[PDB]
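In this chain, numbering begins with 1 at the start of the sequence shown. Whatever order the structure lists ligands and atoms in, that order sets their numbers, starting from 1.
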Amino acid sequence: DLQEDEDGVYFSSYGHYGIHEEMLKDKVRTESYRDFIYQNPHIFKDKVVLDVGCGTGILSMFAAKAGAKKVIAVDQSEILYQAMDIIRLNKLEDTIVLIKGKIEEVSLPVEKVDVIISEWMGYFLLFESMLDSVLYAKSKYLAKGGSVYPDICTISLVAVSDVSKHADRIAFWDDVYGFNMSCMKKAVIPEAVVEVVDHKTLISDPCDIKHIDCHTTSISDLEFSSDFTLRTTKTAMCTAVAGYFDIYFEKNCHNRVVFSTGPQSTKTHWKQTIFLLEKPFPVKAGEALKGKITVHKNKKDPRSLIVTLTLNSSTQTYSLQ
Ligand SMILES: Nc1ncnc2c1ncn2[C@@H]1O[C@H](CSCC[C@H](N)C(=O)O)[C@@H](O)[C@H]1O
């Protein structure tokens with residue numbers, strides 16, 4: 001589902017600089033990878049590294065500077081040509097070789113690799129389905145005893161109370177300049193929203209719903225279902241549930257690195273994913289709220305996701321893009 005096709009629109013959006021300007025300007029994201037690599041040179045010095053989805057080539061340059069014997073940087077979009085130029089501009093041609101194409105179909109100049117690095121995550125962590133490609137490369141190229149980074153990730157949910165943001169999106173259509181447009185809500189609620197959540201509006205402790213180990217995880221594990229319980233922290237009206245993720249650099253590290261894309265942390269370009277509830281419900285502090293969430297990829301467009309959520313004995317299916 002992700003090994004075949006093409007996805008024109010997909011690799012075409014990664015052809016322009018804007019999207020890369022945004023990632024590079026994401027300090028939490030970029031400095032986290034820089035610190036990991038530079039602070040654990042033992043992992044790269046004299047090793048062969050593979051950068052899955054190199055973009056402008058930034059991660060590969062970090063590895064080279066750390067001591068990599070050879071780095072292989074691959075990308076399917078046209079941004080690969082601007083990377084060919086950037087590597088030359090920095091005089092790293094004798095260390096980093098570039099290849100244009102899909103990681104699951106191109107021919108590598110080597111058999112196996114010692115380390116694999118990649119920034120493949122999307123909104124709610126799995127949007128875009130790039131982890132599938134990373135797992136593919138892991139199976140075919142990782143040497144026995146090798147490591148993939150970042151190696152561990154997790155996804156969590158948090159209860160929210162914000163009646164004004166709810167009204168702004170839903171109740172709004174009830175009266176537009178004196179006219180009723182209520183029929184519009186039917187197409188608004190089912191859509192998940194990527195946006196920054198005010199930390200002061202969280203009404204429950206966060207709860208983990210997924211754990212991933214890029215060494216033991218498989219492709220089939222990326223479509224799951226999970227029961228969870230949120231422990232209420234405040235007496236307020238629950239209007240929505242927010243999701244986010246955390247990334248970890250751990251195996252063989254003398255200096256471990258971690259970063260969160262949650263509401264209590266510094267903003268990142270990933271923000272947070274919001275599932276508005278059709279019917280907000282009163283919650284009391286100390287209360288325990290049992291729920292269920294199922295995440296599956298759109299069968300018609302494998303890069304998009306489908307989320308089924310149950311809370312307060314009410315179920316709703318949302319779609320992410
Ligand atoms: N199957 C695949 N094969 C090769 N490149 C892929 C891919 N799926 C996604 N990509 C590429 O991986 C990139 C994800 S963005 C990461 C870019 C860069 N490494 C950064 O850290 O700044 C995009 O350039 C996208 O085109």
Options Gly53, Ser13, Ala83, ranked by nearest heavy atom to atom 17 (C) of ligand 1, top entry | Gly53
Is ligand 1 under 4.0 Å from a heavy atom in the side chain of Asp75, in the backbone, in both, or in neither?
-> both
Measure centre to centre between the rings of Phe44 and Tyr149, then say whether the value is under 6.0 Å.
-> no
Ionic contact status for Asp221 with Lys210, cut-off 4.0 Å = no
Which bit of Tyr33 is near ligand 1, meaning a heavy atom under 4.0 Å away: side chain, backbone, both or neither?
-> neither
The single option from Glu278, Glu191, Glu195 passing salt bridge (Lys or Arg N to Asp or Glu O under 4.0 Å) against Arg169 | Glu195
At what distance, to the nearest 0.5 angstrom, does OG1 of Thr273 lie from OH of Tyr123?
-> 9.0 Å
Any chance you could measure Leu289, atom CG, to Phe281, atom CZ, to the nearest 0.5 Å?
-> 5.5 Å
Answer with side chain, backbone, both or neither: which part of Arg29 has a heavy atom less than 4.0 angstrom from an atom of ligand 1?
-> side chain
Is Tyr10 touching ligand 1 with its side chain, its backbone, both, or neither, if touching means heavy atoms under 4.0 Å apart?
-> side chain
Show which atoms of ligand 1 fall inside a sub-4.0 Å distance from at least one heavy-atom site of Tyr14.
-> 15 (S), 23 (C), 24 (O), 25 (C), 26 (O)
Would you give the length of the straight line joining atom CD1 of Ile96 to atom SG of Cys54, rounded to the nearest 0.5 angstrom?
-> 9.0 Å
Honestly, for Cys54 the part within reach of ligand 1 (heavy atoms, under 4.0 Å) is backbone
Number the atoms of ligand 1 from 1 as they appear, then name those within less than 4.0 Å of a heavy atom of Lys102, with their elements.
-> 1 (N), 3 (N)
Is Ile103 close to ligand 1, meaning an N/O of one under 3.5 Å from an N/O of the other?
-> yes
Path from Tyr318 to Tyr244 over hydrophobic side-chain contacts below 4.5 Å | no
Per-residue contact class, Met130 against ligand 1 - non-hydrogen pairs under 4.0 Å | side chain
Heavy-atom distance under 4.5 Å between the side chains of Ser314 and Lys279, does that happen here?
-> yes
Within 4.0 Å of some non-hydrogen atom of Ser77, the atoms of ligand 1 are 24 (O), 26 (O)
So between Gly101, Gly57, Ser133, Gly15, whose heavy atom ends up nearest atom 4 (C) of ligand 1?
-> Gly101
With respect to atom 1 (N) of ligand 1, which of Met121, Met23, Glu22, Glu104 exhibits the smallest heavy-atom separation?
-> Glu104
Could you give the distance from CZ (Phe36) to SG (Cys253), rounded to the nearest 0.5 Å?
-> 5.0 Å
